[PDB]
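Secondary and tertiary structure notes
The chain contents come next:
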Amino acid sequence: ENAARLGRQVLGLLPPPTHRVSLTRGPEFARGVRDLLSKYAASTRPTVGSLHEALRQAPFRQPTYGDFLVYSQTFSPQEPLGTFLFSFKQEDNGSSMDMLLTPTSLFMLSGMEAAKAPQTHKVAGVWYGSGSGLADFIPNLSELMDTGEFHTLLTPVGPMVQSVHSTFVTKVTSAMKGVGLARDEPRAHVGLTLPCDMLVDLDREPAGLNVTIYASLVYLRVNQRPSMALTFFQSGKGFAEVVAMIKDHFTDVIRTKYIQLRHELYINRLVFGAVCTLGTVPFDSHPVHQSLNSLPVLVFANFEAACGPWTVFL
Amino acid sequence: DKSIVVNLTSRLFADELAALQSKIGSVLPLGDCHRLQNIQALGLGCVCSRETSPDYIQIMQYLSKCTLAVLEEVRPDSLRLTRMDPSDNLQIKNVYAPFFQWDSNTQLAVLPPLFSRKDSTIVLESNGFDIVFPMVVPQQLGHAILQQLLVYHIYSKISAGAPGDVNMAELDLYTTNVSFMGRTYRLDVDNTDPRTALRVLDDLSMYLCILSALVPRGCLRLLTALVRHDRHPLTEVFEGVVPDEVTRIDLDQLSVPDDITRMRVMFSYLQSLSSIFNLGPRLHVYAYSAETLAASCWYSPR
Amino acid sequence: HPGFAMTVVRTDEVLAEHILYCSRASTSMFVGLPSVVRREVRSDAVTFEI
Amino acid sequence: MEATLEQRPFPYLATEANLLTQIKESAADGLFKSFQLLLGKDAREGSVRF
């Protein structure tokens, strides 16, 4: 008998059902619009029962999706669903199509070593031949790594949601705010996926409802030619500690750069890195290790994405 | 609904129930965002102990990790708290002991107990633990204590290394007292562990000598035209005696397209000093009632 | 043999199956009522907590 | 033992007289000891517990 008492507390605490107005039949459009207007008009009056109907509303929010339209020569068809996206907006007068830089694509524009990232160079050697078609569009991968203005051009967006890959032009949909769901009606939690090679995990420590994910884009020079580097971080330590933890990771890079630039050192050379904030992960959700043709790729559940400005650190 | 129930695993007495009764409606940080919680997570003095030296940076550095919660109910077997979601409208009551007047459209931030530990520390001897409370303070004093606490750990290192360097009487009044409008307050910094307060100072010396290497020369030459000609109300630190180093950089001539590349690069290292003067979370108050001392703010951490 | 002997200390666990006896009517229980609290509404599902 | 205020949900009675005159100023400079304001979200009968 006591389960019948719980059948009332469930059916009295549910959200109200969303109204379904049929736009194909005639006399079923009249009966559906009328029950909007006869039911909203009793959610405005100042009596107690009309105030009772205004308290049941459950305002759950929805993410804001972006619609991007990419060349297929700069975006591989083999990309895991949930790959992060960087936009690039150097020039405006064309305004025809857009550049989207996955971290396995930006690994080729940098020219960073395959001993720092061992596994993701082989996968970036089969999805792209020699990094030419990625770099045919930027004539300044040598003058944006000197003057230090590459991080000023990237705006982080969010993970992949939907990609209708064609032969010439790839149409990519992302999720900028909120938890990344597939926009199509069987809504699945497409969480953000990163390779285990890029991500460097920092961690008695307390945990909140939050562990953020940061993006560091570090300038350096290999073979006495400019070549940046990009790593991902993950810690819930607050912004004052992580900047102290990133500089410990790059002690061997700051030393070996300014030795190479000991004699000539221009003022544009001094800028080193920049840290963005990509989004939060709730604690109690551990990432699941996953292999893809083999590439060790983390997958996060319920990664709700945010966006922060690039702040220079050194 | 969101709430936190916290057990008191032994018992508690009638004196410390009246001590926890006066401290109702105060924000404390606690360890984990679980519904069930024990006594070991709620103290800010799990790191701030009595037999050991405190570390007011590391105590504050601990405070931007934790979740923050407001007390509602004090029971002899439990403490029921309500938590704070990272983007949430909520209410905070001005209980806190150095009374600073708030208003609507102010800017709060949570600080460690920096004027009286003995006021914030009430000890729970029935369980073998003490629960320690922070203080929420508008950011005009949130920053100004961290400006003052780092000046202490510069000059206390000089005086402890050699006492002939620093006169002690001028050391106590200047490095400990925090200047505020109307009142000057004495910090509770006498026996601390400065070993993480120097790593912050070892991060200034990277940003600061970069800022000394690329000073734009037009701003240097405007000082020499201002410290000895005009008497401006905020240059009066600099008397007619200009620093001699400023005049020794005047030997080169002005150049506009070589000071654009110095104004721009110096601009992006000023944006980096918001990683070294950080407070904890922020509480944007949008309404306040002075006869009830009840602010209604918006919580946003980091 | 170096010039000192030594003693060793270990610890060892045992999965002991126990026997509990508990006399008549000692404890007295107070059973409340189950109360349902809705705490999350998503686009995918609704959770509860009893 | 001093007599103390309590906010328990009493069945308050109704008087012919009004009480409202000069109260806002009398709360400021104390006409009477041991009072407590209640603004909007907290001006109600508290929940009974025992």
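Parameters and conventions
Residues numbered from 1 in each chain as written, not as in the entry; some residues may be left out. Chains lettered and ligands numbered in written order. Part of a larger assembly, values for the part shown. Heavy atoms only, no water. Helix = DSSP H or I, 4+ residues; strand = E, 2+ residues; numbered from the N terminus. Rg over C-alpha atoms; globule rule 2.2 N^0.38 Å. Buried < 20%, exposed > 50% of the residue type's maximum accessible area, 1.4 Å probe, protein only. Areas by Shrake-Rupley, 256 points an atom, 1.4 Å probe, with all protein chains shown as cover. Contact = heavy atoms within 4.5 Å. Buried area = accessible area lost by both parts, 1.4 Å probe. Salt bridge = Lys/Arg side-chain N within 4 Å of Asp/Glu carboxyl O. Polar contact = N/O pair within 3.5 Å; in protein donor to acceptor, adjacent residues only side chain to side chain. Nonpolar A, V, L, I, M, F, W, Y, C, P; charged D, E, K, R; others polar. Pairing = 2+ DSSP bridges. Axes fitted to C-alpha atoms, helices over the stretch in contact; angles between N-to-C directions. Core = buried A, V, L, I, M, F, W, Y, C linked by side-chain atoms within 4.5 Å. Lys, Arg positive; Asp, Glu negative; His and termini not counted. Parallel < 35°, antiparallel > 145°, perpendicular 65-115°, else oblique. Left-handed = near helix turned anticlockwise from the far one by under 90°.

This entry lists cryo-EM as its structure determination method and reports a resolution of 3.8 Å.

With that out of the way, let us pick up the overall build of chain D. Counting secondary structure elements, chain D contains one helix and zero strands. Relative to the globule expectation of 10 Å for 50 residues, the C-alpha radius of gyration of chain D, 13 Å, shows a markedly less compact shape. With respect to the three principal axes, the spread of C-alpha positions in chain D is 35 × 30 × 25 Å. Residues counted as buried form 2% of the 50 residues belonging to chain D. When the accessible surface of chain D is totalled, it reaches about 5400 Å², and 58% of it is carbon and sulfur.

Taken together, the contact between chain A and chain B spans 27 residues of the former and 31 residues of the latter. Ranking the residues of chain A by area buried against chain B places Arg-204, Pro-206 and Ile-267 of chain A at the top, with a combined share of 23%. Summed over the shared surface of chain A and chain B, the number is two salt bridges. Here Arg-199 of chain B and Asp-248 of chain A are joined by a salt bridge, their closest N and O atoms 2.6 Å apart. Run the count over chain A and chain B and you get seven residue pairs in polar contact. Elements represented by at least two residues in the side of chain A that touches chain B include exactly β9 (211-218), α7 (239-249) and β17 (311-313) of chain A. Counting residues per element, the side of chain A that touches chain B draws most heavily on α7 of chain A, which supplies seven residues. Tallied by class, the residues present in the side of chain A that touches chain B amount to 14 nonpolar, seven polar and six charged.

Residue and element names in this part refer to chain B. Here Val-136 is to be found in strand β11 (residues 135-138). For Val-136, a relative accessible area of 5% corresponds to the buried category. Residues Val-136 and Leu-111, 25 residues apart in the sequence, show an inter-C-alpha distance of 6.1 Å. Setting aside its immediate chain neighbours within four residues, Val-136 contacts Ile-92, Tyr-96, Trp-102, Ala-109 and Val-110.

Let us look at the interface of chain D and chain B. Opposite the five residues of chain D that make contact, chain B presents six residues. With both sides pooled, the region where chain D packs onto chain B buries about 500 Å², and carbon together with sulfur makes up 46% of that total. Where chain D packs against chain B, one counts one salt bridge. Across the pair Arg-49 of chain D and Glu-73 of chain B runs a salt bridge whose closest N-O atoms are separated by 2.9 Å. Among the residues making up the side of chain D that touches chain B, the classes are represented as two nonpolar, no polar and three charged.

As a further point, take the sheet that holds strand β14 (residues 288-292) of chain A. Residues and elements named next belong to chain A. Read from one edge to the other, the open sheet built from three strands follows the order β7-β15-β14, with strand pairing classed as antiparallel. Each end of this open sheet is capped by a strand with a single partner; those strands are β7 (193-195) and β14. Here the strands of the sheet are splayed against their neighbours by 35 degrees on average, with no regard to which way each runs. Bridge count for β7 against strand β15 (residues 295-299) is three bridges, and the pairing is antiparallel. Residue pairing across strands places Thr-193 opposite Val-299, the latter belonging to β15.

What follows covers the nonpolar core. Counting 68 residues, the largest nonpolar core has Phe-88, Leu-101, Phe-150, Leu-154, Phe-232 and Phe-300 of chain A together with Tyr-269 of chain B as its most contacted members. Considering each element in turn, this core owes the most residues, six residues, to β9 of chain A.

This brings us to the side chain of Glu-79 of chain A. Residue and element names in this part refer to chain A. When you line up the elements, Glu-79 lands in the loop between β1 (65-71) and β2 (84-88). We note that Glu-79 is buried and unpaired, the nearest opposite charge coming from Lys-122 at a distance of 16 Å. For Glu-79, the contacting residues outside a window of four places in its chain are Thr-102, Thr-104, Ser-105, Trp-127 and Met-160.

Looking across the four pairs of chains in contact, one finds the most contacts between chains A and B. If you take every C-alpha in chain A and every C-alpha in chain D, the smallest gap between them is 16 Å, and the two do not touch.

Burial runs high along helix α2 (residues 56-63) of chain B: six of the eight residues are buried. Considered for burial, the residues of α2 of chain B that qualify are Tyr-56, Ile-57, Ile-59, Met-60, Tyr-62 and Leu-63 of chain B.

Moving on to the packing of helix α4 (residues 139-161) of chain B against helix α5 (residues 168-175) of chain B. Residue and element names in this part refer to chain B. The N-to-C vectors of α4 and α5 enclose an angle of 165 degrees; their axes lie 10 Å apart at closest approach. Compared by their axis directions, α4 and α5 come out roughly antiparallel. Where α4 crosses over α5, the two elements pack in a sense that is left-handed. Residues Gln-148, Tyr-152, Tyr-155 and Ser-159 of α4 lie in contact with α5, whose contacting residues are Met-168, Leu-171, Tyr-174 and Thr-175. A breakdown of the residues in the contact of α4 with α5 according to their chemical character gives five nonpolar, three polar and no charged.

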